[PDB]
Amino acid sequence: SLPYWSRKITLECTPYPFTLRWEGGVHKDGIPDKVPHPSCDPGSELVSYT
Amino acid sequence: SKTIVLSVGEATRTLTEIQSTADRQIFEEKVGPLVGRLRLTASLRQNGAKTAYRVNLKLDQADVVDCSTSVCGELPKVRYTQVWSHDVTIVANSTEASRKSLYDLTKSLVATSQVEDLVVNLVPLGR
Amino acid sequence: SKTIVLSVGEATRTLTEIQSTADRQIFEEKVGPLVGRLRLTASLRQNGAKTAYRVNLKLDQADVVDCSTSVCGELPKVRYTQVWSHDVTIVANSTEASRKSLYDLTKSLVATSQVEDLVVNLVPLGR
Amino acid sequence: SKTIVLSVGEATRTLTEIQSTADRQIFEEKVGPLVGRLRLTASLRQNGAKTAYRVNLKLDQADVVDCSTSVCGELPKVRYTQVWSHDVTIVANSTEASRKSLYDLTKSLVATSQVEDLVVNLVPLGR
RNA sequence: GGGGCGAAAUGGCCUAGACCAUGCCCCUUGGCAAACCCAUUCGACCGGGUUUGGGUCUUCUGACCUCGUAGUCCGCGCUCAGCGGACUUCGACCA
Numbered sequence: 052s053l054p055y056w057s058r059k060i061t062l063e064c065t066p067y068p069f070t071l072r073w074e075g076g077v078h079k080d081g082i083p084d085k086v087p088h089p090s091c092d093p094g095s096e097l098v099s100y101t
Numbered sequence: 001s002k003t004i005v006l007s008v009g010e011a012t013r014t015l016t017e018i019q020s021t022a023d024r025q026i027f028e029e030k031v032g033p034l035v036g037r038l039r040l041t042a043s044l045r046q047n048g049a050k051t052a053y054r055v056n057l058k059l060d061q062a063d064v065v066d067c068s069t070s071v072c073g074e075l076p077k078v079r080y081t082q083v084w085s086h087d088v089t090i091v092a093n094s095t096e097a098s099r100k101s102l103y104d105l106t107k108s109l110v111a112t113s114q115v116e117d118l119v120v121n122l123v124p125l126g127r
Numbered sequence: 001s002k003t004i005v006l007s008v009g010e011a012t013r014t015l016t017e018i019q020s021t022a023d024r025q026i027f028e029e030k031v032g033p034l035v036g037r038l039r040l041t042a043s044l045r046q047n048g049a050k051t052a053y054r055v056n057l058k059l060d061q062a063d064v065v066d067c068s069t070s071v072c073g074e075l076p077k078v079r080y081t082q083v084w085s086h087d088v089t090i091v092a093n094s095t096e097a098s099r100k101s102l103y104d105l106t107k108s109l110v111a112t113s114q115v116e117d118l119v120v121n122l123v124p125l126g127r
Numbered sequence: 001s002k003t004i005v006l007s008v009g010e011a012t013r014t015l016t017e018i019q020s021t022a023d024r025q026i027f028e029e030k031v032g033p034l035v036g037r038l039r040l041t042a043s044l045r046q047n048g049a050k051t052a053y054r055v056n057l058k059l060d061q062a063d064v065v066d067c068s069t070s071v072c073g074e075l076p077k078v079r080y081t082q083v084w085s086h087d088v089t090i091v092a093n094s095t096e097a098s099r100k101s102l103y104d105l106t107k108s109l110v111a112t113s114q115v116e117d118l119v120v121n122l123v124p125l126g127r
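Listed in order, the protein sequences are those of chains m, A1, ab and 71. When you read off a place in the first sequence, starting at 1, and then add 51, the result is the number in the authors' numbering. Numbering-wise, the authors' numbering puts 92 at position 92 of the second sequence, and it's gapless, one number per residue. Numbering-wise, the authors' numbering puts 97 at position 97 of the third sequence, and it's gapless, one number per residue. Numbering-wise, the authors' numbering puts 85 at position 85 of the fourth sequence, and it's gapless, one number per residue.
Here it is, written out as structure tokens:
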């Protein structure tokens with residue numbers, strides 16, 4: 052038998068992608084259709100966003 | 001040879017290995033008279049088809065009496081004999097944590113005051 | 001022994017001589033698991049009445065699979081086996097220039113893109 | 001591999017080991033055309049019931065001819081073949097001095113001028 | 001009972017030969033090594049009965065401990081454990 056030495060070290064992680072979403076818009080005075088494109092048409096604008 | 005030191009509280013007793021054998025280990029206490037003293041028998045073996053094991057531990061101690069202090073003529077004679085054997089049946093593929101917990105529970109049950117009362121006052125264990 | 005270095009593009013593989021014999025030379029690749037790896041068999045002989053010669057070159061490589069990473073018990077098991085033998089029948093009294101031209105033509109046919117497509121897409125050679 | 005250098009007087013010939021095997025060692029001379037050159041076959045074995053041994057040494061050399069220097073078309077063709085085998089039957093439990101004396105006598109008989117005349121002029125040995 | 005033999009001991013037959021009579025050759029299988037049980041001087045005392053005896057995971061194929069049996073290259077070096085180590089096979093209550 053003979054002498055010997057060594058060492059080791061490692062670091063790693065697993066990848067995993069995912070997605071998040073959210074939409075909205077301006078609240079209007081009595082507009083029952085608030086969509087990305089408000090179906091109604093009162094008198095002002097609704098910017099919305101998705 | 002192989003020496004074992006036991007602390008009783010104020011003095012230390014020494015047991016010496018006398019019959020070194022694999023299937024039977026005989027330890028004897030060396031204090032004065034070798035006949036009628038403290039002896040310990042240890043044995044280790046297997047069982048069945050290489051499954052578990054078997055450990056046996058016995059401790060004997062016979063009291064002696066003598067009349068040479070007053071009476072003209074009386075050799076040291078043994079009186080009674082006490083036998084305290086054991087039996088350990090622990091399988092190889094077990095659990096170290098479970099074995100440690102069992103040993104701790106056994107040590108606690110031995111060191112408790114209930115077994116001491118059961119031994120001394122001969123009162124059944126139930127406190 | 002005898003070491004052979006093969007360049008795949010980004011790494012270098014090393015094959016070591018294992019079974020040194022005249023009529024059968026066995027080279028084996030040393031990377032990790034020796035069973036189910038890259039092996040090469042070489043043979044050289046004569047023919048008839050000391051006219052020509054015969055050279056045989058075979059290359060085998062069997063893939064292995066293992067489940068010890070997830071399943072709690074499966075030894076490395078071989079899957080399929082690939083055999084790629086050769087046959088060289090070149091007479092002694094030939095021509096060095098002709099042999100060099102034949103070797104160059106074989107190298108060009110091996111390095112061409114038609115044999116690669118025939119191997120991969122299993123499409124018959126004909127471009 | 002194993003190289004053997006032979007001095008003819010003005011040039012040195014080199015024989016290379018080609019078929020490395022215990023029961024048959026084949027040495028070939030490397031000069032030019034491998035076919036029809038100098039070959040040497042060596043063999044070593046035992047005999048009977050572990051008593052003595054048996055050594056065989058054969059030396060062959062076939063001359064070649066070629067007409068490509070003048071004639072349009074003629075591959076190198078072998079002409080005659082010469083066979084010079086040997087047979088050594090020396091027991092193990094012998095004598096080193098006797099073996100050395102026998103080897104010296106054989107060397108003297110080989111280097112003498114009588115065997116040379118017997119080989120060249122085909123005159124029976126008797127001077 | 002099941003077989004063998006004319007050898008081998010002799011007698012018929014007995015250049016030779018192949019069969020006969022008593023007549024002689026074997027099987028009546030064998031072994032487990034441990035643990036526990038009785039009535040009592042309310043154990044000494046010999047004898048009997050029960051649970052185990054290469055072993056588990058899916059003892060289904062097939063593998064995971066162990067070895068036994070072989071064949072093959074083998075190292076004269078590479079690996080943290082190291083090492084002398086590799087691959088393929090059949091068996092595993094005992095004569």
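Beta carbons: idealized from backbone N, C-alpha and C, even for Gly.
- Tell me which same chain residues have a C-beta within less than 6 Å of the C-beta of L57 (chain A1), skipping the five on either side of it? The residue labelled residue 57 (chain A1) in the question sits at position 57 within the second sequence. Result list for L57 (chain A1): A42, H86, in chain order.
- Message: List, from N- to C-terminal side, the beta strand (DSSP E) runs of 3 residues or more that fit wholly inside the region 15–65 of chain 71.
- Response: Here the runs fully enclosed are 25–29, 38–46, 53–61.
- Should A97 (chain ab) be flagged as near chain 71, meaning a C-beta pair shorter than 8 Å? Within the third sequence, numbered from 1, the residue matching residue 97 (chain ab) stands at position 97. So, not an interface residue.
- Task: Name the residue from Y80 (chain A1), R13 (chain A1), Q82 (chain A1), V64 (chain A1) whose alpha carbon lies nearest to the alpha carbon of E74 (chain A1).
- Result: Along the second sequence, one-based indexing puts residue 74 (chain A1) at 74. Looking from the CA of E74 (chain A1), the closest CA among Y80 (chain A1), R13 (chain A1), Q82 (chain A1), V64 (chain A1) belongs to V64 (chain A1).
- According to DSSP, what are the bridge partners of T3 (chain ab)? Taking the third sequence and counting its residues from 1, one reaches residue 3 (chain ab) at position 3. DSSP lists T16 (chain ab) as partners of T3 (chain ab).
- Message: Please state the DSSP three-state secondary structure of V71 (chain 71).
- Response: Indexing the fourth sequence from 1 puts residue 71 (chain 71) at position 71. Three-state DSSP puts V71 (chain 71) in coil, outside helix and strand.
- With 16 as the cutoff for other CB atoms within 10 Å, does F69 (chain m) come out buried or exposed? Looking up residue 69 (chain m) in the first sequence gives position 18. When all chains shown are included, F69 (chain m) counts as exposed.
- Taking buried to mean at least 16 other C-beta atoms within 10 Å of its own C-beta, is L15 (chain ab) buried or exposed? Residue 15 (chain ab) sits at position 15 when you count from the first residue of the third sequence. Buried, because 16 or more other Cβ atoms sit within 10 Å of the Cβ of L15 (chain ab).
- Message: Can you tell me where the alpha helix (DSSP H) holding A97 (chain ab) begins and where it ends?
- Response: Along the third sequence, one-based indexing puts residue 97 (chain ab) at 97. Start and end: 96–111.
- Message: Going by beta-carbon coordinates alone, are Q82 (chain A1) and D60 (chain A1) separated by less than 8 Å?
- Response: In the second sequence, residue 82 (chain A1) corresponds to position 82, counting from 1. In the second sequence, residue 60 (chain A1) corresponds to position 60, counting from 1. Yes, the pair counts as a contact, with Cβ atoms nearer than the cut-off.
- Item | Selected residue, minimal CA-CA separation from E17 (chain 71), among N47 (chain 71), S68 (chain 71), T3 (chain 71) | In the fourth sequence, the residue the question calls residue 17 (chain 71) occupies position 17. The option with the nearest alpha carbon to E17 (chain 71) is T3 (chain 71).
- Task: May I ask you to report which of helix, strand or coil DSSP gives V88 (chain 71)?
- Result: On the fourth sequence, residue 88 (chain 71) is found 88 positions in, with the first residue counted as 1. Residue state for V88 (chain 71) is assigned as strand, using DSSP reduced to three classes.
- Message: I need the DSSP call for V115 (chain 71), collapsed to helix, strand or coil.
- Response: Taking the fourth sequence and counting its residues from 1, the one referred to as residue 115 (chain 71) is at position 115. It is helical.
- Contact set between the region 70–98 of chain 71 and chain ab, restricted to residues whose Cβ is under 7 Å from the partner: In summary, the residues of the region 70–98 of chain 71 whose CB is separated from some CB of chain ab by less than 7 Å are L75, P76, in the order they occur in the chain.
- Item | Residues within the region 42–55 of chain ab neighbouring chain 71, beta-carbon criterion of under 8 Å | Those would be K50, in chain order.
- Which residue's Cα is closest to the Cα of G36 (chain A1): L105 (chain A1), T21 (chain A1), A62 (chain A1)? Taking the first residue of the second sequence as 1, we reach residue 36 (chain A1) at position 36. Residue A62 (chain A1) is the option with its Cα nearest to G36 (chain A1).
- Secondary structure of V83 (chain ab), DSSP reduced to three states: Along the third sequence, read from residue 1 onward, the residue named residue 83 (chain ab) stands at position 83. Note: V83 (chain ab) maps to strand in three-state DSSP.
- Query: Roughly how many whole angstroms lie between the Cα atoms of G48 (chain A1) and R99 (chain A1)?
  - Reply: Taking the first residue of the second sequence as position 1, residue 48 (chain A1) is located at position 48. Taking the first residue of the second sequence as position 1, residue 99 (chain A1) is located at position 99. The straight-line gap from Cα to Cα measures roughly 22 Å.
- Query: Of the choices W84 (chain ab), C67 (chain ab), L118 (chain ab), whose alpha-carbon is the least far from that of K77 (chain ab)?
  - Reply: Taking the third sequence and counting its residues from 1, one reaches residue 77 (chain ab) at position 77. The shortest C-alpha separation from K77 (chain ab) is found at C67 (chain ab).
- Item | Contacting positions in the region 11–40 of chain ab - beta carbon closer than 7 Å to chain 71 | Listed by position, the residues of the region 11–40 of chain ab near chain 71 (Cβ gap below 7 Å) are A22.
- Message: Does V120 (chain 71) come out as helix, strand or coil in the three-state DSSP assignment?
- Response: Residue 120 (chain 71) sits at position 120 when you count from the first residue of the fourth sequence. Reduced to three states, the DSSP call for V120 (chain 71) is helix.
- Task: Quick one: residues in its chain with C-beta nearer than 8 Å to the C-beta of residue 128 (chain ab), no 5 flanking neighbours on either side, listed in chain order?
- Result: Residue 128 (chain ab) falls outside the range modelled here, since chain ab spans only 1 to 127, and no answer is possible.
- State the Cα-Cα distance for the pair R79 (chain ab) and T51 (chain 71), rounded to the nearest angstrom. On the third sequence, position 79 is the one that residue 79 (chain ab) refers to. On the fourth sequence, position 51 is the one that residue 51 (chain 71) refers to. Distance between the alpha carbons of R79 (chain ab) and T51 (chain 71): 53 Å.
- Query: From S1 (chain 71), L38 (chain 71), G9 (chain 71), pick the residue whose C-alpha is nearest to that of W84 (chain 71); which is it?
  - Reply: Counting from one through the fourth sequence, the residue named residue 84 (chain 71) turns up at place 84. Shortest Cα-Cα distance from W84 (chain 71) to any of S1 (chain 71), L38 (chain 71), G9 (chain 71) involves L38 (chain 71).
- Task: Please name the residue or residues paired with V78 (chain ab) in a DSSP beta bridge.
- Result: By 1-based counting over the third sequence, the position of residue 78 (chain ab) is 78. Per DSSP, the beta-bridge partners of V78 (chain ab) are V64 (chain ab).
- Item | Buried or exposed (CB count within 10 angstroms, at least 16 for buried), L34 (chain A1) | Taking the first residue of the second sequence as position 1, residue 34 (chain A1) is located at position 34. Classification for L34 (chain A1): exposed.
- Item | According to DSSP, residues forming a beta bridge with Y100 (chain m) | Walking along the first sequence from the start, residue 100 (chain m) turns up at place 49. DSSP, once it has assigned bridges, lists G75 (chain m) as partnering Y100 (chain m).
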